[PDB]
Amino acid sequence: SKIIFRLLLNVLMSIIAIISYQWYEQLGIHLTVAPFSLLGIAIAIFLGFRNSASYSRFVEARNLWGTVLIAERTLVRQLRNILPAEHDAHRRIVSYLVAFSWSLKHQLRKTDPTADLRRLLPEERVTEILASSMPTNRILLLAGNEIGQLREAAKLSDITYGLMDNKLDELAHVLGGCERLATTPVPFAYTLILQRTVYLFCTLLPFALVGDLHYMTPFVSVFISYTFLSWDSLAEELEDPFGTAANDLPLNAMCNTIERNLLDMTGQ
Amino acid sequence: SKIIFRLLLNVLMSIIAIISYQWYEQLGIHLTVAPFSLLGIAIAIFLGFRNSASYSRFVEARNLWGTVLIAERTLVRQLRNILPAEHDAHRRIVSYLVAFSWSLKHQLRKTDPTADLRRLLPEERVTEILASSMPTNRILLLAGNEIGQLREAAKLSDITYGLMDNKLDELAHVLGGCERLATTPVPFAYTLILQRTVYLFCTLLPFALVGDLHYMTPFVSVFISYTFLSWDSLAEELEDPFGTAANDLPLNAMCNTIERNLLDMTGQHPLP
Amino acid sequence: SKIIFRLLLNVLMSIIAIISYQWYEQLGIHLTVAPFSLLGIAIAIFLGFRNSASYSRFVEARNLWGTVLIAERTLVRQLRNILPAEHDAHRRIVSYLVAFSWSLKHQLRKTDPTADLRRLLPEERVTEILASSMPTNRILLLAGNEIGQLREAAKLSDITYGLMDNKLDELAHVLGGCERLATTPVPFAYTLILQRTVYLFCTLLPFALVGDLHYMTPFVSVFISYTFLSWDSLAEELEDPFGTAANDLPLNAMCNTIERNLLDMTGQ
Amino acid sequence: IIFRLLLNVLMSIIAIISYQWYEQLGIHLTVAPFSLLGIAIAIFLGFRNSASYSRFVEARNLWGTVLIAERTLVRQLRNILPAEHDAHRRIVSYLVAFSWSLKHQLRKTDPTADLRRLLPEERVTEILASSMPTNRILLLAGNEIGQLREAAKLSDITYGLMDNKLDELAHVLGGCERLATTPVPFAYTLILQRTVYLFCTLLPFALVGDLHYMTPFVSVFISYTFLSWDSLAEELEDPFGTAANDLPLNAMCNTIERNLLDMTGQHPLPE
Amino acid sequence: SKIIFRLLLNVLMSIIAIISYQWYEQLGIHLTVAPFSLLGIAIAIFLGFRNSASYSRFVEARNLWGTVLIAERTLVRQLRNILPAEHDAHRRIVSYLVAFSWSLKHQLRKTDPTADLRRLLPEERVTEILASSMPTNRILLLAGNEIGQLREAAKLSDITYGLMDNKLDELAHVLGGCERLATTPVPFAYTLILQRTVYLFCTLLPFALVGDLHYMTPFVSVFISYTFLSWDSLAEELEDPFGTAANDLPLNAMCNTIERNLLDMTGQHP
Ligand SMILES: [Cl-]
Ligand SMILES: [Cl-]
Ligand SMILES: [Cl-]
Ligand SMILES: [Cl-]
Ligand SMILES: [Cl-]
Ligand SMILES: [Cl-]
Ligand SMILES: [Cl-]
Ligand SMILES: [Cl-]
Ligand SMILES: [Cl-]
Ligand SMILES: [Cl-]
Ligand SMILES: [Zn+2]
Ligand SMILES: [Zn+2]
Ligand SMILES: [Zn+2]
Ligand SMILES: [Zn+2]
Ligand SMILES: [Zn+2]
Ligand SMILES: [Zn+2]
Ligand SMILES: [Zn+2]
Ligand SMILES: [Zn+2]
Ligand SMILES: [Zn+2]
Ligand SMILES: [Zn+2]
Ligand SMILES: [Zn+2]
Ligand SMILES: [Zn+2]
Ligand SMILES: [Zn+2]
Ligand SMILES: [Zn+2]
Ligand SMILES: [Zn+2]
Ligand SMILES: [Zn+2]
């Protein structure tokens, strides 16, 4: 909460305004409420639309992760339904699917996958994966080798191969989606503009309130600031969905659910 | 709603400002309207967006439930159309599909699936299902085994297997979509912030209103407070569409519909 | 057009405020514009968001019906192009597709589909359909059966069977969508809340306008009221897409269009 | 539009040279009520313009799909049946006829010349006989693909890959039809237009109090804002209406013709 | 983004309003705030909706480019998984997929693709591609011949050919979406209204503010103009996402990422 300092700096800005209202006539400065209404409203409208975009970006992240669990569940389901004997293949594929999740998590958090990957895969595979500048993509390529092998060994027909291939595509879209969200921020200009504007607004506001509210100036002014600043900071918290804040996605729990899910489906 | 408390708790504070308005003088308190116009409009705008976000959650949730019915209807149709004679599988698969929907409702209402499960499937299966930490998924896996067995037995080809396989994917997307709406709400700041704000605004509003309205003050403040608080609680309601409030989804009716659909006439169908 | 009732009731509410404006401050009752601008604005925002939802639900009802035409057109096309010889199957499948439309209309309007079904299908099939607790869904099953026969008789392969099965899936999505829309209104609370506030607001309004407009009160309180009610009433006129009112979907004409189209494509 | 700005100036001058008589009599117009009205209308115009915009965008997407589907079908024909140039040419004909015919259908203009240039007279009579000419064209494109399958030049699989493209065109056809026979509101766009229209005419009277001579200036600026927003919605609401901008629809049908002649090597001219 | 010119011209207009407020009474002109408030809020609402549309277009554009990378990655994945031995095919298709991306960037920027094409493909292919009303389209058709030839040679079945066909189908959709976003400014009613509107409003605002603020006019007037103009020009940037403004897609970087991914997946080293 940087908000609380911003509130107290605003109570102080109001005192400065009461004490200084005297020399207003002298200095030749009069400030009515009316234009601050115009400005405040304008700012609230833009804050509303901005916040809308931030929430949508957070929702997209959530959906992207939702697909991971859906597509992995159904790939394992398919593997069991189509090749119920082939538990060798099941185990290999499930570990790739589980690696994909953790890999994706680490990629977005800008952290080290080595532990999670080493915990899941053989060494001849882990070094291949960490070798690529696109590890997560590499895990998908390898999961693909698995299904292709079962195809070449005639365990899968072209059709059944096709069914599982679609699920890798789904995972591909998730990877791209997340990378896209990670690297493409909501234009910095939104935070640039609005952060400036909101701060300057809350700051100048008591200077305009004072003529009308006098000593009441602090109370009302801090209230209006709390409304604006709270809404503005909610946008901020929603904007980095892949971060570590408690307000961000619990990527760790999500990857756990995924792992436990795929292990449950295989009996582990 | 649960608004009449705070609507009354507000008629009080509105008399206070009719008794106080001459004493503003003495204490040193001026309070025009225009600042409260500004603050009120801002809150309206934010209430607007919040409510819209809440409704989308409602609508998505309704849609995900819609797909359960569609996807189950079409899977049964496919089984009837492609394997018209295989009533044993028809029956097995339908009860899994019916279990699926009830199981999903229990999952989301945080209630016990056992009664509904036992009503539909044999007990060894009820224990396979309850054994899992994700029972709905387990029912899907079991439904899939039914389809896969018909395939291993060469009653389905790969193509016709895949037609049915698609429908199970559709249901997996419902499960996933539903879990996503349930585990994560709209981040808890949303409700914490807005409720504080709307109410704080509502109580102070008359203190600033009197000077203009004089006597008509407590009315025109309760009217405004109704509007703001109405909107805020409806949002709070729709936000949790698997809840049990009046404006949430009728999940029990929806599973009843699904059930009556699949089991329509002791499960009997015209044969091609 | 009960709107012109409320407009008239409004002219009357002006006139009591015009003449009763005297005894106002003696009582101590004042109504300024400013707080009614706050309410008016807040209500307009909520009216906006709401009518939005109303509009979307109506657009969805059109889209769904639109898909009937699209999917039935394309199923008929596929049958002509894949099985040009097989006019018997053509005519059967077409009568089911036409029955489906009419049946869906009857279900949404809660009317008796019997005559239409009897004009299109043999009595036995009608009996099958009407015996079901879900007749329209049963029409899909029968059409599926016709397609299934073609498959058994090897006139269709699995692949081409599949191309046509996809179309019955689309019709399934239409049927579910309509059912969902029919049983899921825009939540009542919206219409409740808003009808209270809009009604009370347009009532209390010439009161809060008279001490500003005096003799221009009626002509301005009514123009404002017509504006809120016009816009509140656009919701009313969009919330019953399946109805028979002038502003509701012309489902009979759309059903004729569907039938006319399928008959054009089979040269009847 | 510019007629209603000239009327606004006229009403503004009336406002000044009449402000005298009427406020003396008991009949007053303040700014605050017309400010609540105007903001409400602005809000409504906002939501209205949102719905309009999204019908405009839907029309662009549908037409976008024609370009995409037609390109990919022809690509599929070349990649899968490289040698069947006669089929390539017939199919491209129908594809191009489909576009032009859709455009004609939406703009309620005559497709005859486009059909006669593109197809044999037998087919043109057949297509013109139908009450659903565009759908009939898709059906004929269908027969082409169908015959290639009958002759065992397409397998059921590869027939299917091409069939999808025809379905995409089916979706476009119906989507556009639905966008055309609209709107959805009924004669309520006439209500909000008149609401804006009346609001802009009463407004100088409500302003003259505060602005006197400045009235016509500030009044016409405001009127302009509302009337512009309103008429932009009118345009957007009706992408296929009788007074629409036909430049991009014509651009699209030309692009696709051009693209397909390119893909089938009917372009460039030979050396 | 010569926005500061518009702001300074606004500070100027403010002084013009102060110095001329003296003559104000004498000339016979009154200008209250309340009517400018009405217009101002209207315009704000309009900028709100407008800006939101612009953002949407930008997000769509970004998404489409997202799909290039996804679809191309997965095409190469299918090629390796299904035809592990056909490394010639691997290389030729990859150079088409890489040519596709750069060619798309060129198309959208209206620049010449000749250099990049020549870097990636034999000259015969370059000539074929350059000869076409739509080079990206021709590139997809060439990629299509590759998998087509593999199908002809019975190295792909109809089904596995189809799986790969779908990916080219996806690229066609991307191509179309980008064409649509690039040739869809809309009717230039977003300049006759929003740009000049906001502009005029901002310069008349001080004339209207001055009776109330006196010397404070330019401070308040600048703050309000900043707010509106910031909002407006950000819309402008977002509206044209394939442009070269600050806030427009780094298409060259996105193309490099694409190329690098595809090179990574097929054994090769940048
Ligand atoms: Cl899936
Ligand atoms: Cl296993
Ligand atoms: Cl389905
Ligand atoms: Cl279709
Ligand atoms: Cl026939
Ligand atoms: Cl026929
Ligand atoms: Cl396509
Ligand atoms: Cl050719
Ligand atoms: Cl050719
Ligand atoms: Cl893909
Ligand atoms: Zn899926
Ligand atoms: Zn296993
Ligand atoms: Zn082993
Ligand atoms: Zn490391
Ligand atoms: Zn489906
Ligand atoms: Zn049965
Ligand atoms: Zn009093
Ligand atoms: Zn379709
Ligand atoms: Zn026939
Ligand atoms: Zn009705
Ligand atoms: Zn496509
Ligand atoms: Zn050719
Ligand atoms: Zn050309
Ligand atoms: Zn004067
Ligand atoms: Zn894809
Ligand atoms: Zn290779």
# chains A, B, ... in the order shown; residues from 1 in each chain; ligands from 1
>>> residues_around(residues="residue B:53", least_positions_apart="5", cutoff="9 Å", atoms="only C-alpha atoms", output="PyMOL selection string")
(chain A and resi 52+55) or (chain B and resi 48+58+186+235+239)
>>> residues_around(residues="residue E:171", least_positions_apart="6", cutoff="9 Å", atoms="only C-alpha atoms", output="PyMOL selection string")
chain E and resi 67-68+71-72+100+140
>>> closest_residue(among="C:100, C:201, C:46, C:24", to="residue C:10", atoms="only C-alpha atoms")
C:201
>>> interface_residues(of="chain C", to="chain D", cutoff="7 Å", atoms="only C-alpha atoms", output="list in words")
residues 33, 37, 40, 41, 44, 45, 48, 66, 70, 74, 77, 81, 82, 159, 160, 212, 213, 214, 215, 216, 224, 247 and 264 of chain C
>>> residues_around(residues="stretch 227-232 of chain B", least_positions_apart="3", cutoff="8 Å", atoms="only C-alpha atoms", output="PyMOL selection string")
(chain B and resi 3+44+47+51+194-195+198-199+223-224+235-236) or (chain C and resi 42-43+193+197)
>>> write_last_selection(atoms="C-alpha atoms", output="PDB file, in the first residue's frame")
ATOM      1  CA  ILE B   3     -30.343  -3.442   2.030  1.00  0.00           C
ATOM      2  CA  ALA B  44     -21.687   5.201 -10.357  1.00  0.00           C
ATOM      3  CA  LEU B  47     -20.361   0.459 -10.056  1.00  0.00           C
ATOM      4  CA  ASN B  51     -21.737  -4.822 -12.427  1.00  0.00           C
ATOM      5  CA  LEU B 194     -16.385  -0.705  -3.421  1.00  0.00           C
ATOM      6  CA  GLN B 195     -18.587  -1.611  -0.438  1.00  0.00           C
ATOM      7  CA  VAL B 198     -20.536   3.111  -1.568  1.00  0.00           C
ATOM      8  CA  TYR B 199     -21.665   3.085   2.042  1.00  0.00           C
ATOM      9  CA  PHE B 223     -33.668   7.080  -3.054  1.00  0.00           C
ATOM     10  CA  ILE B 224     -29.996   7.689  -3.983  1.00  0.00           C
ATOM     11  CA  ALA B 235     -23.086  -7.249  -8.581  1.00  0.00           C
ATOM     12  CA  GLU B 236     -21.999  -9.096  -5.405  1.00  0.00           C
TER      13      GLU B 236
ATOM     14  CA  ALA C  42     -26.367   7.280 -12.005  1.00  0.00           C
ATOM     15  CA  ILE C  43     -29.616   5.836 -13.420  1.00  0.00           C
ATOM     16  CA  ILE C 193     -34.480  -2.067  -9.402  1.00  0.00           C
ATOM     17  CA  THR C 197     -35.888   4.067  -9.803  1.00  0.00           C
TER      18      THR C 197
END
>>> closest_residue(among="A:94, A:64, A:11, A:172", to="ligand 25", atoms="only C-alpha atoms and all ligand atoms")
A:172
>>> residues_near_ligand(ligand="ligand 25", cutoff="12 Å", atoms="only C-alpha atoms and all ligand atoms", output="ChimeraX atom specification")
/A:165-177 /E:63-64,66-75,77-78,163-174
>>> residues_near_ligand(ligand="ligand 3", cutoff="6 Å", atoms="only C-alpha atoms and all ligand atoms", output="number ranges by chain")
B: 70-71, 74; C: 169
>>> write_last_selection(atoms="N, CA, C and O atoms", output="compact mmCIF listing (two decimals), in the first residue's frame")
# COMPACT_ATOMS: atom_id res chain seq x y z
N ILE B 70 -26.20 -29.57 -24.25
CA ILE B 70 -25.97 -29.76 -25.68
C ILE B 70 -25.05 -30.96 -25.91
O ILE B 70 -25.41 -31.89 -26.62
N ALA B 71 -23.87 -30.96 -25.27
CA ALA B 71 -22.85 -31.94 -25.57
C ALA B 71 -23.35 -33.33 -25.16
O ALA B 71 -23.03 -34.30 -25.83
N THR B 74 -25.94 -34.50 -27.68
CA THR B 74 -25.44 -34.95 -28.97
C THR B 74 -24.64 -36.25 -28.87
O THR B 74 -24.65 -37.03 -29.82
N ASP C 169 -24.89 -31.39 -34.98
CA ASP C 169 -24.34 -30.73 -33.79
C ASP C 169 -24.66 -29.23 -33.76
O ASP C 169 -24.96 -28.69 -32.69
>>> residues_near_ligand(ligand="ligand 23", cutoff="7 Å", atoms="only C-alpha atoms and all ligand atoms", output="MDAnalysis selection string")
(chainID D and resid 258:259 261:262 267:268) or (chainID E and resid 132:133)
